[PDB]
Structures are given as C-alpha cells and as structure tokens.
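As a basis for the values below, the full set of heavy atoms in this structure was taken, side chains included, without hydrogen atoms, waters or symmetry mates. A, B, ... follow the sequence lines: proteins, then strands. Residue 1 opens every chain.
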Amino acid sequence: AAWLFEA
Amino acid sequence: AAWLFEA
Amino acid sequence: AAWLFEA
Amino acid sequence: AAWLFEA
Amino acid sequence: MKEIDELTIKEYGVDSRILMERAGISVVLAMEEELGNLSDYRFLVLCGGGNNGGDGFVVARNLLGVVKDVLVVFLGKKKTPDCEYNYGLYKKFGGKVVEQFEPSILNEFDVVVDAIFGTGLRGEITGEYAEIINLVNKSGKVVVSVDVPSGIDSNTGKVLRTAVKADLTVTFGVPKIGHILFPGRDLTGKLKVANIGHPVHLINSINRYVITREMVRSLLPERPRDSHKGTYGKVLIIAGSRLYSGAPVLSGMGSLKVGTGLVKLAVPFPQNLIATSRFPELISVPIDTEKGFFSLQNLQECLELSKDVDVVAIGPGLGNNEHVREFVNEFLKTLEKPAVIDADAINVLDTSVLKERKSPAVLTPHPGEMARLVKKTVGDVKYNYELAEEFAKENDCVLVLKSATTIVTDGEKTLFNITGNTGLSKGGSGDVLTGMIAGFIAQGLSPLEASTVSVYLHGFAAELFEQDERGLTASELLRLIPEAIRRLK
Amino acid sequence: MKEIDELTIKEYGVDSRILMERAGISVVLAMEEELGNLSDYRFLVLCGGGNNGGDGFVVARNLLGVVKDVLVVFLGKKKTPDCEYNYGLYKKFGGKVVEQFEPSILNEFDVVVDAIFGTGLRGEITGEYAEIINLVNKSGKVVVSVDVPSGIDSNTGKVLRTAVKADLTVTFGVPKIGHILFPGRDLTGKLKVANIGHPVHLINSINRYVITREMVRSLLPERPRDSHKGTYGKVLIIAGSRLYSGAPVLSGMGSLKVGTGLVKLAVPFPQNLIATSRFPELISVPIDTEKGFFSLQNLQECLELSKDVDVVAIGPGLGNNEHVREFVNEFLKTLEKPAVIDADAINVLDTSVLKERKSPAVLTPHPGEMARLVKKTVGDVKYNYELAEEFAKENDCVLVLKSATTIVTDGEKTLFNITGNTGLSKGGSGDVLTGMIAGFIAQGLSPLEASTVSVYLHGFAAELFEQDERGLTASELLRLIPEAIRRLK
Amino acid sequence: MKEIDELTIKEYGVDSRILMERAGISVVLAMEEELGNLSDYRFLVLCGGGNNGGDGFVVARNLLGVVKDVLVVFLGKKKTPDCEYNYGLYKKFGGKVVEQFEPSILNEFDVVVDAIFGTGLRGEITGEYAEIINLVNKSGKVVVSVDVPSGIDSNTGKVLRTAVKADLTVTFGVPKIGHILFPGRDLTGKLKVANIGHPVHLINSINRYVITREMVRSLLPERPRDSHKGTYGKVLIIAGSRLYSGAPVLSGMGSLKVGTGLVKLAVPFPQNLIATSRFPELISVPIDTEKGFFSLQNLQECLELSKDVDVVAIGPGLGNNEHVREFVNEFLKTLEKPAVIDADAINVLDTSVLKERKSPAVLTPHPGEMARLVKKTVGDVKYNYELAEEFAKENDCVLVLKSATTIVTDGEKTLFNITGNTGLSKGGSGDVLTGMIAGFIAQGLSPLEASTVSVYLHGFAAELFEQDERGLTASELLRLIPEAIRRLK
Ligand SMILES: Nc1ncnc2c1ncn2[C@@H]1O[C@H](COP(=O)(O)OP(=O)(O)O)[C@@H](O)[C@H]1O
Ligand SMILES: Nc1ncnc2c1ncn2[C@@H]1O[C@H](COP(=O)(O)OP(=O)(O)O)[C@@H](O)[C@H]1O
Ligand SMILES: Nc1ncnc2c1ncn2[C@@H]1O[C@H](COP(=O)(O)OP(=O)(O)O)[C@@H](O)[C@H]1O
Ligand SMILES: Nc1ncnc2c1ncn2[C@@H]1O[C@H](COP(=O)(O)OP(=O)(O)O)[C@@H](O)[C@H]1O
Ligand SMILES: Nc1ncnc2c1ncn2[C@@H]1O[C@H](COP(=O)(O)OP(=O)(O)O)[C@@H](O)[C@H]1O
Ligand SMILES: Nc1ncnc2c1ncn2[C@@H]1O[C@H](COP(=O)(O)OP(=O)(O)O)[C@@H](O)[C@H]1O
Ligand SMILES: Nc1ncnc2c1ncn2[C@@H]1O[C@H](COP(=O)(O)OP(=O)(O)O)[C@@H](O)[C@H]1O
Ligand SMILES: Nc1ncnc2c1ncn2[C@@H]1O[C@H](COP(=O)(O)OP(=O)(O)O)[C@@H](O)[C@H]1O
Ligand SMILES: Nc1ncnc2c1ncn2[C@@H]1O[C@H](COP(=O)(O)OP(=O)(O)O)[C@@H](O)[C@H]1O
Ligand SMILES: [K+]
Ligand SMILES: [K+]
Ligand SMILES: [K+]
Ligand SMILES: [Mg+2]
Ligand SMILES: [Mg+2]
Ligand SMILES: [Mg+2]
C-alpha cells in the first residue's frame, strides 16, 4: 500500500 | 399502513 | 420523520 | 478509481 | 370527482377550506415519505390562481419554519376564494410570494412543488406558463405535482402542448384517468392517492377502476380438493395456419397455465403436430384443409368439436383471406358457447354477427385491430375508453383494448390495467392472453371477470422475468404465469 | 397554549374548524402508527360537549367506512359550536351516536378513544362521568386519549378525583405540564405531540420546556484537541464526616466522569483516605476537625483551597449540627466562586446568605429538603414549579428540585427532565448529580446549562444499566456516565 | 527539507520540474483516495506565485478534461520559473485562470485546492490574501491544502494571523513540524505524506521524527520464556504525601502494566496503605514522616531502598515545601541509579544537581512545570522543541515535554508523539506515564527509548477507551495499557 503515500 | 395513502 | 409528530 | 488507470 | 367535491361541500357540509387543508397536508406527508426528513430541503412552490394553487399555498404554509427555505411564485392573475384565503394565511405566517419567475431562480431550490394547474386545465398551455413548465423540466430538480402534473388533461391523459414531468404526484380521493393513460401515466411518476375526507360512499360510486391485486385475488376461482379436470373446464382453440404455426401453442398453454382442466387445439395439418412436440399435455387436432387455411369446409368439424367444451377461442394465426372470413363468421353465428375473438378472427369479423349471437363474447384487439374493426384511425381509438364502452354496449360484448394500459369494459363497468412492461411488446404475447381469458371463462368466471384477472396476471408475469425485460419471449412468459398466481396470494 | 389557539384563529386567521380537523386526523394517524392497520378494530369514541369532544367527533368521522365499527357515546349536555359542527358531520356521514353509556358496551369494542375532557377540565370529576372513566379503566381495552387523559389537570398533572389511564395520548402543539409531572405523566402512557398548524413562532414562545437530547447535545462543551486539565476546570468538593464517609467519593467521581480536569475533596481525616483508596485519581485533602465534622475552625483552610478552583460543591454527608451550620453559612457568605449547594448544606442554609452572594449558586434539593428550606409541607412543594420559580428569582439562584420529573429553573426559564428510572431511588444518586453539575460549571457552562445537561445525563446513565433497575447503585451509575455521553452524539 | 529539494536538484540532478510534476499528481491521487471518483466535482484552485502555486498549476492541469470544472484563481504578482512553466502548461492545455477573487465564486465549486503559500510563507498574512483565506474557511467546501495549509508556519505550527483550515493536506517527502504541533496540527486535517522522488538517504537524514507504531513495536523489549520477575527489573517510586495519597498508586501500576517485574512505593504512613488496598500486587513501604511529607530525615531510608532497584521515579504528589526541596535535591545528588523526575520533584529541582549526576535522568514536565524550571512563561516554552533540545543537552538528560503533541528529546534526537486524546486532560494521567517510563527503563530500554515507547502507548491506551473520551480516568487508562501493547503487534 505504501510506495506513494505514508498515512 | 393505509388510512391516508393508497399506493 | 418529524413534520407531523414529535415523540 | 479512474484518474491514473483504465482497466 | 368534481361532483364528489361539490357533494361533499354542499350536501355533506364539509367546509371547502377543510378539504383544501387536508389536500395540502397530504402533499407534505407524501413528500416526507418519499424524501425523508424535509428540514434540509429548499422548496419552490409554483401556484396558479385556482384551487390547485390554493392547495399549493397550503403546502407552502405548512413548510414555513420547518424546512430550509420556501418561496411561492404566484403565476395567475386572480384567485379563487379558497386560493385567496390560503394565500392570505401563507402571508400572515411570514411566507414570501413573488409574481415574476426568474430562470435562475431554480438554482436556489431543491424541490419544485407544481401547483399551477390541476383538473381545471382547459386548453393548450402557452406563454409564460409553457416557459416556466419547460424550465422546470430542464432543471433536474425533484418535482412534486399537486393532483395532476400541470399540462396533463385529467380526463384523457393527453399532454396539452406541454406538461410537467413529475417525480411524485399526490392526487385526492381517487386516481384520475390522466394518471392511468399515457402519456400522462409517464409524466405522473410515482402516484400517491390521498384520503382528504370525502365520504367513502362517494369514493366508491365511481364506475371506472384500476385493476388491483386485491380485486384479482378475490376473483381467482377456488380449487376444491375433491376435483378433476372437468371441474376446471374445457377450452377449444381454433387457430393457426400454414403461415402461423406457433400461435395455437402459445394460446393453448396460456389456458393450461391459468388452471384450465383440458385444452384442445384445432389447427391445419401438419402444423397441429408442432403443438404436441412442444407441450404433449395439449390435444392438437389435425384439420384437413385445402391450402393450409381454415375454410367453410371445416365448419361442421369445428362445431362438432365445440359441443364438448365450455369456451371457444378463435383467431390467432388464422390468416386473413376470404375463406377464413366466411368460416369465422358462419362459425360464430352458429356457435352457442362463449367465444374469445382475437387477431385474424377480429380482422375478418362481421360485427352484425355479435349482435345476433345469444352467447357471450370477448374481443381482444390491439389499437390497429380496433381501428380496422370500427373504420377509424389508430389515433382515434387508442386509449379511447368511451369508444370502447360504446362498442361493448352496442355489440353486447366485453372489449379488451390492449396497450401498455389495457382497457377492459362491458359498456357499464370499465377497468384499467397497469401491470406489464415492454417485454410484452413482442409477437406472441397477445396469443398467450387469449388462452388465459378462455381458460378463466372455462373455470366459471364471467367474460368480464376473466378478462380482468387475465390482463393483470399477464402483465404481472412479465414483471417477474429475472433478466432484462427486452429479452422476454412468450415461452418465458408462460413459465412465469404460475409464479404470478402464487404471488397474488 | 389556549392563548396559542386563540392567536392562531383571531390574529393569524386560521378557521377554528381547520385546527379541529387537523387535531382529529392527527389522532387517527397516531393510532395507526401505534396499532398498525386500523381496519380490523372496533372503536368506541367517548365525546364530551367541548372542543375535546369536537376533536373526538372528527376522529369518529374519519374512521367511518374504514374500520370494523365506530360508535360515539356523547356524554355532555350542550355542544360548543365546533363540537356541534363536527357532530353534524359525523351524523351526515352515517355515524351512530348514543347518549346512554351501558357498562356492557365496552364488550363490543377494541379501542376506546377518550375525548371527554381536555384542557377545559375544571374541578373534580363525579357522577356518570366518574363511573364511565372507572369502567374504561377496568376494561383492559386499548385507550387513546385526545389531548390529555380526561381527569388530569393539564397545568399540574394532578388527578381530579378520577382520570383515564391511557395507552397513548395525542396532544397538540406542545406537551402540557400535566403530561410531564406525576401522576399525570403515568396516566398519559405514550405521548405523541402533533403539529396541527400553529405558527412555529407561537409554539416556540413557550417558556417551560422538556429537556431533550438535542438541547443537551448542543450544550455539551467542546473538547479542543490542544488542551490540558486546566482547560476543563477545577472543582473543590467540601463533603463528608465521620458518619458519612462515602458521599465525597460519589460527588468527586461525578465531576470527573463528565470531563472535569481536576477534582479536590476536602473531607475530615481519616475519612478522606476512603476516597483515594477507591479512586486514586481524586485528590482528597485531610481536614483536621475536633469531632469528625466541619466547623468554623476549618473556615480559613477551605477558603484557601477555594482560591485555586473554578467551582465549589458543598453539603453531601456534612451532617447537620450547629457547628456545620456556622461553617456552611460563613463559608458561602465569603466564597467568591460559583457554589453548588446540596444535602446538609441546604438543611443548614440561611437563605439571606444567597441574597448577599455576588457569585452564582445552584441548589439541588429533593422535596423534603425544599420543604424544610421554605417551611412548607412536602406536599406543598413537590412538583410545584411556580414556587420553585419564585424561589430561584427571589434568591438569585438556579434551583434543581429533584424527583422522578426534575424541575430546573432560574426564575425566568423552567425546564423539566424526564430521563431516569427507579434505580436512582437509592442513596448516593444525588451525590453523583452534585458532582456532575459542579463539573459542567467548571468546564464553562452557566449554572442553568450545567444543571440542564446534568439532570438529563444522570437519568439517561441510569437507563443504560444492563440488569434490572432496582439493583443499580451509585457506583454503577458512575461507570455508565461516559456511555450516556457517547450515546448523546 | 528545503535543503533536501536543493540537493536532489543540484547534486542528484533531478529536474526541478520533475519534482513539481510528481508533487501535483500526488495531490490528485490523494484527493481521489479521499473523495472517490473525481469526475463529478468542480475544483477551485487558489495559486500563489511561488512553488506552492506551481504545484497547484500542476494539479489544475491534471484535472482538465477529467472533472466537471476547474478554475485557477492566481493570487500572486510574479511567478517563480517553475510556477511560470506550469501556468503556461495549464493555459496551453485549455485551462482558465482569473486574477480577481469574487466572494460568490465559492458557490460554483465543490472543492478548494489551497496552493497559495507553502513552506515559503514569511510573516503575517494580510490584505486580499487574508480575506480570501477567511472566505474559504467560512465556505463549508472541501479543502485540500498543498504541502501545508496556507498560513501555518511550517517550522513551528503557529498561525500567521490567519490560516486555511484543511480537510486534507498532502505534503512532500516528510511531515513538517507545523503539521505535528498545534495549532497547525488541527488545521492540517488528514495528512498524507507523498514520495515525490527524493533519494531515500536524504529523507532518512532528518533528525526530528514522528513516533510511529513500527518504531514502538521494534523497541518493545523481549519476553523470553525462561524468565522471572528479576528479568524484568525493579522500580522504586518515591511519591505521595498526606495531601496527595493517590499519585503513588497510579505511578506504581503504570510500571506494572508495561511488564516490570517488581514495583516498590515509598509513601508517608498511613497513606502507603491506600496503594495495597487497591492493588495488593504493589509493595508500599510506610515512611515515617514528621508532618506527612518527605524530608531530610527520610534520606537515608530512601537511598537504602534504592540499592535493590534498577530505576527510581520521584515526584508525584510529594508536595512542594522547603523540606521536600532539601530531600529531593540531596537524594538525586547521591542516587546512583537512573532517575525519572516528575511533578513536585521538578518544581523543587535544582538543575545543578542534574549536571553533577553521573547516572541518567528523564524529566517529565508539562509546560507549566517547564516554564517554572527555566524561569520563562508557559507561552515561551510550549511546543518549543529547540528550547527542549538545548535543555536536554545542557543538563545531560532526556526531556519529555508533555502536551497534546509530546516532545521527547535527548538534545541530539527529537521525537514527536501524536497519540492520545482529551481523556488524558485530567489529573492522574501524568502519574501513570511516569510509572510507564521507569518500568521500561527497568526492563532494559535506554531513557530515550523508554520515553518514546511510553508516550506512544500511553496515548494509544487513551484512544482505546470504549466510551466518550471525556469520561476516561487514570484507573481506566491503566486497564487499557495491556490492550494497547497487544494491538501494537
Ligand atoms: N390552458 C390554460 N392556460 C392558461 N390558464 C389556464 C389554462 N387552463 C386553465 N387555466 C386557468 O387555471 C385555472 C384553475 O386551474 P385549477 O386550479 O386546476 O382549477 P380549479 O380551480 O377548478 O381547481 C382555470 O380556471 C383557468 O383560469
Ligand atoms: N399498443 C399499440 N399502440 C399503437 N398502435 C398499435 C398498438 N398495437 C398495434 N398497433 C398498430 O397496429 C399495427 C400492427 O398491427 P397489424 O400488423 O394489423 O396486426 P399484427 O401486427 O398483430 O399482425 C401497427 O401499425 C401499429 O400502429
Ligand atoms: N409496453 C407494454 N406494456 C404493457 N403491456 C404491453 C406492452 N406492449 C405490449 N403489451 C401487451 O402485450 C400484448 C400484445 O398483444 P398483441 O398486441 O395482440 O401482440 P401479438 O399479437 O404480437 O401477440 C397485449 O396484452 C398488450 O397489452
Ligand atoms: N369537572 C367536571 N365535571 C363535569 N363536567 C366538566 C368538568 N370540567 C369541565 N366540564 C365540562 O367539559 C367542558 C369542556 O371540556 P374541554 O372540551 O376540555 O374544554 P374546551 O371546550 O375548552 O376544549 C367544560 O367547559 C365543562 O362544561
Ligand atoms: N422525590 C420525593 N418525593 C417525595 N418526597 C421525598 C422525595 N425525596 C425525599 N422526600 C421526602 O424527604 C424525606 C427524606 O429526606 P431526609 O431524610 O430529610 O434527607 P435524606 O433522606 O436525603 O437524608 C422523606 O420523608 C420523603 O418524604
Ligand atoms: N424514580 C425516579 N426516577 C427518576 N429519577 C429519580 C427517581 N428516584 C430518584 N431519582 C433521582 O435520583 C436523585 C436522588 O437524589 P437525592 O434525592 O438527593 O438522593 P440521595 O441524597 O439519596 O443521594 C435525584 O436526582 C432524583 O431526581
Ligand atoms: N506573509 C505573506 N504575505 C504575502 N505574501 C507572501 C507572504 N509570505 C510569502 N509570500 C509570498 O509567497 C511566495 C512563495 O510561497 P511558497 O510558494 O510557499 O514559497 P516557495 O516558492 O519557496 O515554495 C513568497 O516568496 C512570497 O513572495
Ligand atoms: N498542555 C499544557 N498546555 C499549556 N499549559 C499547561 C499545560 N499543562 C499545564 N499547563 C499550565 O500549568 C498550569 C497548571 O500546572 P500546576 O498547577 O503548576 O501543576 P499541576 O496542575 O500539575 O498541579 C496551568 O496554569 C497551565 O497553564
Ligand atoms: N488533549 C490531550 N491530548 C493528548 N495528550 C494529552 C492531552 N491532555 C493531556 N495529555 C497527556 O496527559 C498527560 C498529562 O500529564 P500532567 O500534565 O503531568 O497531568 P497530571 O499531573 O494531572 O497527572 C501528559 O502525558 C499529556 O501529554
Ligand atoms: K399541478
Ligand atoms: K381527553
Ligand atoms: K498551501
Ligand atoms: Mg395479437
Ligand atoms: Mg441528596
Ligand atoms: Mg503531572
């Protein structure tokens, strides 16, 4: 889930 | 259900 | 729900 | 769902 | 219904303001039922000068202080006494009225209440009225029409130049014909019928009805446990030709699917063999013909076959040539059984024969067949209930004039059917209905009752189709009939 | 509300018949909502001669032809103009009226509509009226009362000799005090309040209200994310004694459970240690006393502790002897902070001190404490809202008079609380409410707002108890408070 | 991060336009994730003259032909080269730009993209800029801020006169301090951090971090199966007084709930007995004191008790008077164990003592305690990370400066905690954290690690409370700690 965005 | 409205 | 009756 | 990818 | 209002006021003594109040609150309750909580919405109420507009002022007034915003645009140039009284109330309650309609005004509102014209509409809508109605139709707002969508003739369902297309219509006392017949049926959207206090005896004195589930349920014949096929009657179907070999099969199964005990088809050889290869429960009697069509040489054999049945259906796929004409008319003149007359039997019918017959008849034309039968245009006859009534009365028959809304009349009582969908707009569907009607007659219902139950069930079976309606065929419709019957109880 | 009707007629111009029509149909709709389809039931409508009876005639008339049976028993000896008009309609519509009530008549009916007396009741019910009401109460039929159950005084909720016990009461415009206060609250059964068309501005001009979920939700203080305990205030509770060591603990946690930042208790040593052994989140300051009770020797220390807080609650478990009296009165005379005054602090209070105080106060008596405070009988003060109003106004305070319906007034605005159940009828429950009120004051609500939110939440927490209410104790109530808060949004 | 951009361009060779492109598409993808399909929405993009505005032009351009409507309002008076390039693209792609902001323009749009100012903000916002930002804040539209909401200082989180309140903020590379500290944390709304292509080595070279779940999970000490209480360390807590008898209990259980093997409290008699009446797992040693407070006469006994433990926590509820001051300072000067120093031990601390100590320390002040400790105003110290850093470095300690965002620093590394809620804004919650920190030190974590894990877990336990947060008390928080630990893996 994490290549583009960190939550 | 039916005193006021018929469907 | 509320035009005619308040509970 | 559709800005980047069309299926 | 206009007589109903006036008797309720003048003879029962209900103040006309009381009726108008009840009408307006019915609209508010109906809208709540349909939109949920009203308090979020902004309402634009379009009021004419008549009592439809007066009902609108009642609506507007009862939304004050409870919804996000209300505005009345008053579009008339004088007010009836009750409209005037209710305008005065709306204003005393703090309501805003304007008399100029501004195109951009639609922007600031979520719901349009259409109280411009009701049953008092007379003539084509023009001028500002037409412009305002066209603006509302282009607006994509939620539209609630009071009594009838403005622009529909409430007696015929015709559009008078232009009309409002409503999401919801709230009408009073009883449905109006213009809600039931197209195009008006389409412009009505969802219809609610509100009780506004007329005495029940007056509401029930109306002689034109919508066929309802409860009426059909009470007409369904009984199935006593100690029975046999003869309990449930016998049908003869005289149908088909070398050109039209499928019609007999669809009519025959139509009678068997509604619970008839026995069905015999008389069809030209070898086409008769088509029926039992599909449905071996059918009896399909081979008729020897010269050229693949019924003629006078088959008269005696058909009368003979008629002796042992309760009802005869005639016409589907007979073809229309002179020898069929001779045969059909001489047959019906001598047949002393109820007759269901469809399709090519109507195309060649001499209506004098219906007057001579002692036995009953049902005729099942679509508007093209009715037009040819009475020598008028399709446009003259379509949805023409009064002509249908006159015809049934003059010819001592039941007339079932087929269309998306089907009319069933014996001249005294007229019923309207609103079940069905466009899956029935495909060859074969009429043939099935013919078998259904004959079947119910054979089971003991009157011609009028049989017709009433059949048109409803036929349309409701179409609605039970699982996939898209446009792919419904007559064979699938047949399969659905018993599910329609089950759901009806 | 009688002024509301008359302004709506005489100044807004709504015909009195329109109001009466709307009242009667409201009753029919309410009954349908509660009983389902009406068509199976037989209705006995008991009509007096006034406008309550007139509303009943409207009910009766609107059931004609739709239900199994309707009968009106007319019990008056003359009819108001609107009752007369509506009687005439019922009869023109084919309705049956009798004037003799026969005991056995209850047998043939399922529902009794009680339209004998509404707000026009004056004096004790006697004679045939009383007999008929007692017969209905013994009958085990479903009872629907129009406006107020006949026999309840709508201003006080008292029973006038005898009254109808209703399953459902439909009232118009606003709830009446007699629906809210006992015994009337009990005889009302389920209450529906119907909108019958009064302008909203008049309905909102009433100055006595039922505390509702929405009102409490809008009063709940905010919890900004960037906060710390000081954001949410500080409470000092002066409470307890060698006899009553538990009261401080219940009050203290009452303030913490509603979201107060810091709570300090001042309690006689060693009883102060009881609090932190239960709830170590509390600060429980030991007060050196001569004999286990607060006295004048503790005055200076308590004022000192008051300097660093936002509100002081005083009274739970202090005991009532002369040295407590001296201390409480001198303390309150010098305290320059809002004060919540409960229990033994009310028992020893000199009311002159409330007049001298510049700072605000809330008093939280039950009727026995209120009775002693004003030197009247419990019966004189219980549910006596006007005396409560007068008291709050004369003493510049908020008065919270506790009972199953709690009254909260500052003399100008009066609110009624109807949450809670008999689980709160047990020692300790008042102590919790005291902490809740102080807490909300510390969080920034006015004395009146804090009292309003607290009485509602306190009663609603009691209703959330999972087991039988009679086993609810104060400690469990404490645990439920945050669930009540969560459900309130 | 400004250095990060410039190294990525000048030394790694990534064209500045590539970074800006990636930034803008990140915003589009983020919005889609949050709003669903974009094609229904109308977008108003507010662009300044700098690179924040340049990112906005990229957003606008990538929405052309895909959404219902896009309009850029350009609010600057000259454009940086990359903003100019991207403005040119937006226009070549058919985009509409206006330079006058019209109040009513908000009406015709669903989403406001705020690309006015990013990290290039300097000084108070005034004039048209302020007016436009206030108009957007009043509008109730969905607001998406590019990089940082315009008006937040990205270094401090302060509002520069006025700032945008965003529903969603998309920032690039790493979170900025102004997203993490209040008020900016509140105005940021939901924060997404987008990878726009900086080398990972540069992104990881930042020395200030948000404490994350993964970091806390990797720091949790092991629980080898073959263990006993001594494996998991021993804590001494020196706490409480005759005034504050609850503090010791909350600190003690704080250490036991995070998995410490043994906890001993030293508390003045008889207050020590309070702890074991609640939690008999605790050892609560009675200390004989003259007046209910620790003093120099207890020094020798406390050092003796310190011999057999791994860590000493001191301060909660000690009170602040001269004899406590003498005792605390002489104790800490001689104690040769790690010390966790909280509450009144900070209030009386001589900071020279921290410089003399060979053993480590953690200090856990809220801003009022930090203010008194360094002789500044609360406003000077709150959220002042650089002062915290300087303090930790000068005094050779770890400083945990408590607030809704907690800062944890040893002078070299600074971490920010964003777990927790307003339920912790209530006395007792700090006492629990003190026990947690000491516990993790006893288990073998460094002072900095222990502090990092504790602030996170403490806040996350608060979030696990089942009911409304405002009713959370310290005792409930204690119960939630082990659930927080379980969820963390
Ligand atoms: N075609 C039309 N164009 C313009 N105005 C019309 C038209 N038809 C009717 N009206 C006006 O609208 C009035 C009332 O309509 P409606 O309210 O339905 O009648 P009623 O008052 O009988 O209920 C008519 O009496 C007439 O003056
Ligand atoms: N529901 C209907 N509405 C209008 N016209 C109809 C309808 N059904 C049939 N018609 C008319 O009748 C004609 C088709 O009928 P026809 O060819 O005589 O018999 P069939 O089509 O059943 O063999 C069409 O031209 C059509 O205008
Ligand atoms: N759109 C529609 N909605 C409802 N019923 C329809 C529709 N189109 C056709 N029908 C019904 O289907 C049947 C068509 O019969 P007919 O017109 O005799 O066609 P066919 O002769 O092709 O078998 C009639 O019962 C008619 O009422
Ligand atoms: N206690 C009583 N006993 C007998 N009759 C009463 C009593 N109280 C009131 N009534 C009668 O009932 C009438 C109307 O009651 P109601 O319908 O509530 O009044 P209104 O007509 O004001 O609405 C009174 O005006 C009175 O004549
Ligand atoms: N809700 C109530 N309704 C009627 N009376 C009450 C109520 N609450 C308390 N009382 C009266 O007060 C008395 C008990 O109060 P009291 O003993 O003075 O204080 P407490 O019971 O709180 O120690 C009872 O005799 C009772 O009549
Ligand atoms: N039956 C009941 N229904 C609703 N609330 C009740 C009931 N009985 C008691 N209460 C409430 O409980 C609390 C009792 O307080 P108080 O009478 O001071 O008792 P105590 O002093 O014993 O703690 C009040 O808030 C009262 O309104
Ligand atoms: N307080 C302010 N008021 C008005 N304009 C400002 C203010 N602060 C900054 N600006 C303008 O906005 C420009 C760019 O902001 P931003 O796009 O965040 O910078 P960068 O171009 O470094 O990314 C600044 O260089 C300046 O000209
Ligand atoms: N998170 C915080 N933000 C701002 N101020 C704070 C915070 N926590 C505490 N304070 C300040 O410190 C004061 C309360 O602290 P103090 O009374 O010295 O210790 P405690 O309240 O823990 O006994 C308040 O006046 C408040 O301004
Ligand atoms: N609104 C909030 N959000 C997150 N954490 C909070 C909030 N308010 C208080 N806290 C946390 O709760 C604890 C309060 O500690 P302290 O200020 O020492 O209070 P106390 O001394 O009353 O026990 C700190 O860890 C602080 O970071
Ligand atoms: K209309
Ligand atoms: K009554
Ligand atoms: K921005
Ligand atoms: Mg046909
Ligand atoms: Mg009490
Ligand atoms: Mg603290």
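With a threshold of 4.5 angstrom between heavy atoms, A1(B) approaches chain F through N, CA, C or O but not through any side-chain atom.
Counting non-hydrogen atoms of other residues, nucleotides and ligands closer than 6.0 Å to NZ of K91(F) gives a total above 12. Heavy atoms of other residues, nucleotides or ligands lying less than 6.0 angstrom from NZ of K92(F) number 12 at most. The environment of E214(F) atom CD is dense: over 12 non-hydrogen atoms of other residues, nucleotides or ligands sit within 6.0 angstrom.
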Polar pairs (donor with acceptor) under 3.5 Å from chain F to chain B:
{"unit_1": "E32(F)", "atom_1": "OE2", "unit_2": "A2(B)", "atom_2": "N", "d": "3.0"}
{"unit_1": "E32(F)", "atom_1": "OE2", "unit_2": "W3(B)", "atom_2": "N", "d": "3.0"}
{"unit_1": "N62(F)", "atom_1": "O", "unit_2": "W3(B)", "atom_2": "NE1", "d": "2.8"}

